[PDB]
Structures are given as C-alpha cells and as structure tokens.
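Asker: Structure provided below as structure tokens; questions to follow.
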Amino acid sequence: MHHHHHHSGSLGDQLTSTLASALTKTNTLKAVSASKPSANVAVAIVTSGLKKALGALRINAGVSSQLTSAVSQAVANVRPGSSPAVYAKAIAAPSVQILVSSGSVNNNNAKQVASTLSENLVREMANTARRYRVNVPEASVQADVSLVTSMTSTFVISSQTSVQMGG
C-alpha cells in the first residue's frame, strides 16, 4: 500500500524483515503468542510499547497517534492462536509504512529508531503482558532488548540509489 515497487529495496521492507525477525525470536512475542490471549489484550499490549517507543524517539504525536491505530488494526486482525511471526509483522508493517511516510525513519536512523523502538516496545509489551496472564522475567526481557538492538546495530540498507549529494 505504501511500500515501493522494486529498485533499491524499500526502507520499510527491510525494517519489517529485521524487526519482525527479531521479535519472532523474542520471548516477549513467543510468550504472548503461545499464550493465545486475544486480539483485545494484544492491541492494548502493543499500544503500550508503541507509545513508549515513539515517546522515547521524540516522535510527533500526530504520527504516533495514527501509527497506534493502524498497528492495533493489523494486530487485531491476526486473531489469537497465531505464531509470534505474524504478530511482530502486523506491528512492523503498519509501523514502517507510517514511520517512512512521516519521515520518522530514513536511510541512516532506521537502525537507531528500530533498536530504540523495539527496545522500548518489547520492554513495555512484556510489562503489559504480565497483567494478561503473560508475565515475563526481567532476565528474559533484557535479552530481547539486546537481541533486537544488536540486529539493528549491524543493519545495512541494500539500496544502490543512496546518494545524498556528496562528492
């Protein structure tokens, strides 16, 4: 819908691939996914992490408001009983599309925002999950934050046309 066609790999495409991939191996997602709670609580959990993530990145309230509305829709569509792969994707897809449309993420900070957003999102997501019979030990959450962050730390956008006028 917002993604590009084909040339240098859309920025959102890579962000979602990594963001979803990391969240797919995060207890914060495997615990809630395996718990098979419900789209009702799942939406509230994701929103909690989205608010903190965007708030920590000084993201405009306007864009941060629509991002939550969309992310919640996708997450509320996957329905309960679905692997953490679909949930993470339903939160990154609508996140990258809006993050890129608002300029909140570009070909230079995407790695930073992806690490911080996921770091705060995963942390908050777990906190809320606890109230939904999905408690998570700080020992596990910490690993999820370091894992998602490490992935971005070495995130390189394979885009040929990435000239910012410098030569």
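Every chain in the structure tokens takes a letter, A first, then B, and so on in the order presented; its residues are numbered from 1, and the ligands are numbered from 1 following the presented order.
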Which residues, written as a JSON list (two decimals) with N, CA and C atoms, in the first residue's frame, have at least one atom at most 12 Å from residue 131 of chain A, with only C-alpha atoms counted and residues fewer than 4 positions away on the same chain left out?
Answerer:
[["chain", "number", "residue", "atom", "x", "y", "z"],
["A", 32, "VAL", "N", 3.58, -14.37, 24.57],
["A", 32, "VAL", "CA", 2.22, -13.88, 24.32],
["A", 32, "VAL", "C", 1.56, -14.67, 23.20],
["A", 37, "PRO", "N", -3.73, -15.30, 23.94],
["A", 37, "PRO", "CA", -4.62, -14.44, 24.72],
["A", 37, "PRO", "C", -5.85, -14.02, 23.93],
["A", 41, "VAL", "N", -6.61, -7.92, 24.22],
["A", 41, "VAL", "CA", -5.48, -7.58, 25.08],
["A", 41, "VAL", "C", -4.22, -7.33, 24.26],
["A", 42, "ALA", "N", -4.10, -8.05, 23.14],
["A", 42, "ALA", "CA", -2.94, -7.90, 22.27],
["A", 42, "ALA", "C", -2.81, -6.47, 21.77],
["A", 44, "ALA", "N", -3.95, -3.76, 23.26],
["A", 44, "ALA", "CA", -3.59, -2.90, 24.39],
["A", 44, "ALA", "C", -2.12, -3.04, 24.75],
["A", 45, "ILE", "N", -1.58, -4.25, 24.56],
["A", 45, "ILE", "CA", -0.18, -4.51, 24.86],
["A", 45, "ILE", "C", 0.74, -3.82, 23.87],
["A", 124, "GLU", "N", 7.97, -2.59, 27.24],
["A", 124, "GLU", "CA", 6.63, -2.21, 27.65],
["A", 124, "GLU", "C", 5.63, -3.33, 27.34],
["A", 125, "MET", "N", 5.78, -3.93, 26.16],
["A", 125, "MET", "CA", 4.89, -5.01, 25.74],
["A", 125, "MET", "C", 4.87, -6.13, 26.78],
["A", 126, "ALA", "N", 6.04, -6.46, 27.31],
["A", 126, "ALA", "CA", 6.15, -7.51, 28.31],
["A", 126, "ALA", "C", 5.49, -7.09, 29.62],
["A", 127, "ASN", "N", 5.68, -5.83, 30.01],
["A", 127, "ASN", "CA", 5.10, -5.31, 31.24],
["A", 127, "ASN", "C", 3.58, -5.45, 31.22],
["A", 135, "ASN", "N", 3.19, -13.04, 32.23],
["A", 135, "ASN", "CA", 4.31, -12.45, 32.96],
["A", 135, "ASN", "C", 5.64, -12.87, 32.33],
["A", 136, "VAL", "N", 6.61, -11.96, 32.37],
["A", 136, "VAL", "CA", 7.93, -12.24, 31.81],
["A", 136, "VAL", "C", 9.03, -11.73, 32.73]]
Asker: Set the distance at 10 Å and use only C-alpha atoms: which residues neighbour residue 68 of chain A once local chain neighbours fewer than 3 positions away are removed? I'd like the list as a list in words.
Answerer: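 The filter keeps residues 43, 44, 46, 47, 48, 49, 50, 51, 54, 63, 64, 65, 71, 72, 73, 91, 94, 95 and 98 of chain A.
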Asker: Next, the residues of the selection above should be written as a PDB file, in the first residue's frame with N, CA and C atoms.
Answerer:
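Wrote it out as result02.pdb, contents follow:
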ATOM      1  N   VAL A  43      -3.941  -5.853  21.442  1.00  0.00           N
ATOM      2  CA  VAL A  43      -3.951  -4.481  20.949  1.00  0.00           C
ATOM      3  C   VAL A  43      -3.509  -3.506  22.035  1.00  0.00           C
ATOM      4  N   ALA A  44      -3.947  -3.757  23.264  1.00  0.00           N
ATOM      5  CA  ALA A  44      -3.595  -2.902  24.390  1.00  0.00           C
ATOM      6  C   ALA A  44      -2.119  -3.042  24.745  1.00  0.00           C
ATOM      7  N   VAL A  46       0.433  -3.975  22.582  1.00  0.00           N
ATOM      8  CA  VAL A  46       1.229  -3.361  21.527  1.00  0.00           C
ATOM      9  C   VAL A  46       1.194  -1.839  21.626  1.00  0.00           C
ATOM     10  N   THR A  47       0.019  -1.300  21.934  1.00  0.00           N
ATOM     11  CA  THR A  47      -0.151   0.141  22.058  1.00  0.00           C
ATOM     12  C   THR A  47       0.743   0.708  23.156  1.00  0.00           C
ATOM     13  N   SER A  48       0.864  -0.031  24.254  1.00  0.00           N
ATOM     14  CA  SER A  48       1.687   0.400  25.378  1.00  0.00           C
ATOM     15  C   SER A  48       3.143   0.563  24.953  1.00  0.00           C
ATOM     16  N   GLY A  49       3.650  -0.419  24.212  1.00  0.00           N
ATOM     17  CA  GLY A  49       5.026  -0.365  23.754  1.00  0.00           C
ATOM     18  C   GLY A  49       5.231   0.658  22.655  1.00  0.00           C
ATOM     19  N   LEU A  50       4.203   0.861  21.839  1.00  0.00           N
ATOM     20  CA  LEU A  50       4.277   1.819  20.740  1.00  0.00           C
ATOM     21  C   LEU A  50       4.361   3.248  21.269  1.00  0.00           C
ATOM     22  N   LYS A  51       3.603   3.529  22.322  1.00  0.00           N
ATOM     23  CA  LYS A  51       3.592   4.857  22.926  1.00  0.00           C
ATOM     24  C   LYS A  51       4.954   5.189  23.532  1.00  0.00           C
ATOM     25  N   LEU A  54       7.694   5.443  20.611  1.00  0.00           N
ATOM     26  CA  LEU A  54       7.558   6.707  19.894  1.00  0.00           C
ATOM     27  C   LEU A  54       7.881   7.887  20.803  1.00  0.00           C
ATOM     28  N   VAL A  63       1.712  11.632  14.199  1.00  0.00           N
ATOM     29  CA  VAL A  63       2.079  10.385  13.539  1.00  0.00           C
ATOM     30  C   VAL A  63       2.038   9.214  14.513  1.00  0.00           C
ATOM     31  N   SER A  64       2.387   9.482  15.768  1.00  0.00           N
ATOM     32  CA  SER A  64       2.392   8.450  16.798  1.00  0.00           C
ATOM     33  C   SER A  64       0.972   7.994  17.117  1.00  0.00           C
ATOM     34  N   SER A  65       0.000   8.849  16.812  1.00  0.00           N
ATOM     35  CA  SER A  65      -1.401   8.538  17.071  1.00  0.00           C
ATOM     36  C   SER A  65      -1.955   7.603  16.001  1.00  0.00           C
ATOM     37  N   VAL A  71      -1.365  -0.086  13.693  1.00  0.00           N
ATOM     38  CA  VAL A  71      -0.710  -1.242  14.295  1.00  0.00           C
ATOM     39  C   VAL A  71      -1.711  -2.109  15.050  1.00  0.00           C
ATOM     40  N   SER A  72      -2.648  -1.462  15.734  1.00  0.00           N
ATOM     41  CA  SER A  72      -3.664  -2.174  16.502  1.00  0.00           C
ATOM     42  C   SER A  72      -4.610  -2.933  15.576  1.00  0.00           C
ATOM     43  N   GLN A  73      -4.921  -2.330  14.434  1.00  0.00           N
ATOM     44  CA  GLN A  73      -5.816  -2.949  13.463  1.00  0.00           C
ATOM     45  C   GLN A  73      -5.221  -4.245  12.923  1.00  0.00           C
ATOM     46  N   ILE A  91       2.799  -5.559  13.432  1.00  0.00           N
ATOM     47  CA  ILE A  91       3.157  -4.390  14.228  1.00  0.00           C
ATOM     48  C   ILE A  91       4.262  -3.584  13.555  1.00  0.00           C
ATOM     49  N   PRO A  94       2.618  -1.887   9.599  1.00  0.00           N
ATOM     50  CA  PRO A  94       1.908  -0.616   9.773  1.00  0.00           C
ATOM     51  C   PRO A  94       2.769   0.438  10.462  1.00  0.00           C
ATOM     52  N   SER A  95       3.895   0.004  11.019  1.00  0.00           N
ATOM     53  CA  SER A  95       4.803   0.911  11.712  1.00  0.00           C
ATOM     54  C   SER A  95       5.790   1.543  10.733  1.00  0.00           C
ATOM     55  N   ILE A  98       4.083   3.979   8.178  1.00  0.00           N
ATOM     56  CA  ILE A  98       3.797   5.283   8.763  1.00  0.00           C
ATOM     57  C   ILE A  98       5.083   6.005   9.151  1.00  0.00           C
TER      58      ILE A  98
END
Asker: With a distance cut-off of 9 Å and only C-alpha atoms, select the neighbouring residues of residue 122 of chain A, excluding the residue or stretch itself and same-chain residues fewer than 6 positions from it, and output the selection as an MDAnalysis selection string.
Answerer: chainID A and resid 23 26 28:29 46 49 53 141 144:145 148
Asker: Could you pull out the residues in chain A that DSSP calls helix (DSSP H, G or I) from the backbone, as a VMD selection string?
Answerer: chain A and resid 11 to 24 27 to 35 39 to 56 61 to 75 84 to 101 110 to 130 138 to 153
Asker: Which neighbours of residue 110 of chain A fall inside 12 Å, counting only C-alpha atoms, when residues of the same chain fewer than 4 positions from it are skipped, and could you give them as a PyMOL selection string?
Answerer: chain A and resi 10-16+18-19+57+95-96+99-100+103-106+114-118+149+151-157
Asker: Can I get the selected residues back with N, CA, C and O atoms, as a compact mmCIF listing (two decimals), in the first residue's frame?
Answerer:
# COMPACT_ATOMS: atom_id res chain seq x y z
N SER A 10 12.73 -1.24 -0.58
CA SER A 10 12.04 -0.26 0.25
C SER A 10 12.61 -0.26 1.67
O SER A 10 12.98 -1.30 2.20
N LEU A 11 12.67 0.92 2.27
CA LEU A 11 13.19 1.06 3.63
C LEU A 11 12.31 0.31 4.63
O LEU A 11 12.81 -0.31 5.56
N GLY A 12 11.00 0.38 4.42
CA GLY A 12 10.07 -0.29 5.31
C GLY A 12 10.16 -1.80 5.21
O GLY A 12 9.99 -2.51 6.20
N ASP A 13 10.43 -2.29 4.00
CA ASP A 13 10.54 -3.73 3.77
C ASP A 13 11.63 -4.34 4.64
O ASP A 13 11.41 -5.33 5.33
N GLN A 14 12.82 -3.74 4.61
CA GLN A 14 13.95 -4.22 5.39
C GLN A 14 13.67 -4.08 6.89
O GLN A 14 13.93 -5.00 7.67
N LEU A 15 13.13 -2.93 7.28
CA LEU A 15 12.82 -2.67 8.68
C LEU A 15 11.88 -3.74 9.23
O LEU A 15 12.07 -4.24 10.34
N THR A 16 10.86 -4.08 8.45
CA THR A 16 9.89 -5.09 8.86
C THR A 16 10.52 -6.47 8.91
O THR A 16 10.25 -7.26 9.82
N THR A 18 13.63 -7.27 9.50
CA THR A 18 14.50 -7.36 10.67
C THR A 18 13.70 -7.24 11.96
O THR A 18 13.85 -8.06 12.87
N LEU A 19 12.85 -6.23 12.03
CA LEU A 19 12.02 -6.01 13.22
C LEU A 19 11.18 -7.24 13.53
O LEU A 19 11.10 -7.68 14.68
N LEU A 57 11.54 8.38 21.13
CA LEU A 57 12.16 8.82 19.89
C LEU A 57 11.69 10.22 19.50
O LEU A 57 11.91 10.68 18.38
N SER A 95 3.89 0.00 11.02
CA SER A 95 4.80 0.91 11.71
C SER A 95 5.79 1.54 10.73
O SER A 95 6.04 2.75 10.78
N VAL A 96 6.34 0.72 9.85
CA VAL A 96 7.30 1.20 8.86
C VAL A 96 6.62 2.07 7.81
O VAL A 96 7.17 3.08 7.38
N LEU A 99 6.06 5.24 9.63
CA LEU A 99 7.34 5.81 10.04
C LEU A 99 8.08 6.40 8.85
O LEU A 99 8.78 7.41 8.97
N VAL A 100 7.92 5.76 7.69
CA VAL A 100 8.58 6.23 6.47
C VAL A 100 7.80 7.37 5.83
O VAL A 100 8.38 8.28 5.24
N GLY A 103 8.58 10.37 7.74
CA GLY A 103 9.99 10.69 7.76
C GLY A 103 10.65 10.36 9.08
O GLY A 103 11.82 10.65 9.29
N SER A 104 9.88 9.75 9.98
CA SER A 104 10.40 9.38 11.30
C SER A 104 11.57 8.41 11.17
O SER A 104 12.37 8.26 12.10
N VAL A 105 11.67 7.76 10.02
CA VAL A 105 12.75 6.81 9.77
C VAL A 105 13.29 6.96 8.35
O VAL A 105 12.54 6.97 7.38
N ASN A 106 14.61 7.07 8.24
CA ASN A 106 15.26 7.22 6.94
C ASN A 106 16.40 6.22 6.79
O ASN A 106 16.57 5.32 7.61
N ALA A 114 14.91 1.69 15.02
CA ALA A 114 14.48 0.30 15.08
C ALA A 114 14.93 -0.36 16.37
O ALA A 114 14.21 -1.19 16.94
N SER A 115 16.12 0.01 16.84
CA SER A 115 16.67 -0.55 18.07
C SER A 115 15.97 0.03 19.29
O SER A 115 15.59 -0.69 20.22
N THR A 116 15.79 1.35 19.29
CA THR A 116 15.14 2.04 20.40
C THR A 116 13.66 1.69 20.46
O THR A 116 13.14 1.33 21.53
N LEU A 117 12.98 1.79 19.33
CA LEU A 117 11.55 1.49 19.26
C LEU A 117 11.28 0.08 19.77
O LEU A 117 10.39 -0.13 20.60
N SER A 118 12.04 -0.89 19.26
CA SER A 118 11.87 -2.28 19.67
C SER A 118 12.29 -2.48 21.12
O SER A 118 11.69 -3.26 21.85
N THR A 149 18.31 -4.96 19.45
CA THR A 149 19.23 -3.84 19.27
C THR A 149 20.46 -4.27 18.47
O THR A 149 20.91 -3.55 17.58
N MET A 151 20.69 -6.54 16.29
CA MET A 151 20.31 -6.75 14.90
C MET A 151 20.39 -5.44 14.12
O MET A 151 20.91 -5.41 13.00
N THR A 152 19.88 -4.37 14.71
CA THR A 152 19.89 -3.06 14.06
C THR A 152 21.31 -2.48 14.03
O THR A 152 21.69 -1.82 13.07
N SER A 153 22.07 -2.74 15.08
CA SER A 153 23.44 -2.24 15.17
C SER A 153 24.22 -2.56 13.90
O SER A 153 25.14 -1.84 13.53
N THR A 154 23.84 -3.65 13.24
CA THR A 154 24.50 -4.07 12.01
C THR A 154 23.52 -4.14 10.85
O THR A 154 23.61 -5.02 9.99
N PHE A 155 22.57 -3.20 10.83
CA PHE A 155 21.57 -3.15 9.77
C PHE A 155 22.01 -2.23 8.64
O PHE A 155 22.17 -1.03 8.84
N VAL A 156 22.21 -2.81 7.46
CA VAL A 156 22.64 -2.04 6.30
C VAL A 156 21.62 -2.13 5.17
O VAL A 156 21.36 -3.22 4.64
N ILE A 157 21.04 -1.00 4.81
CA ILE A 157 20.04 -0.95 3.74
C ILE A 157 20.69 -1.16 2.38
O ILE A 157 21.47 -0.33 1.91
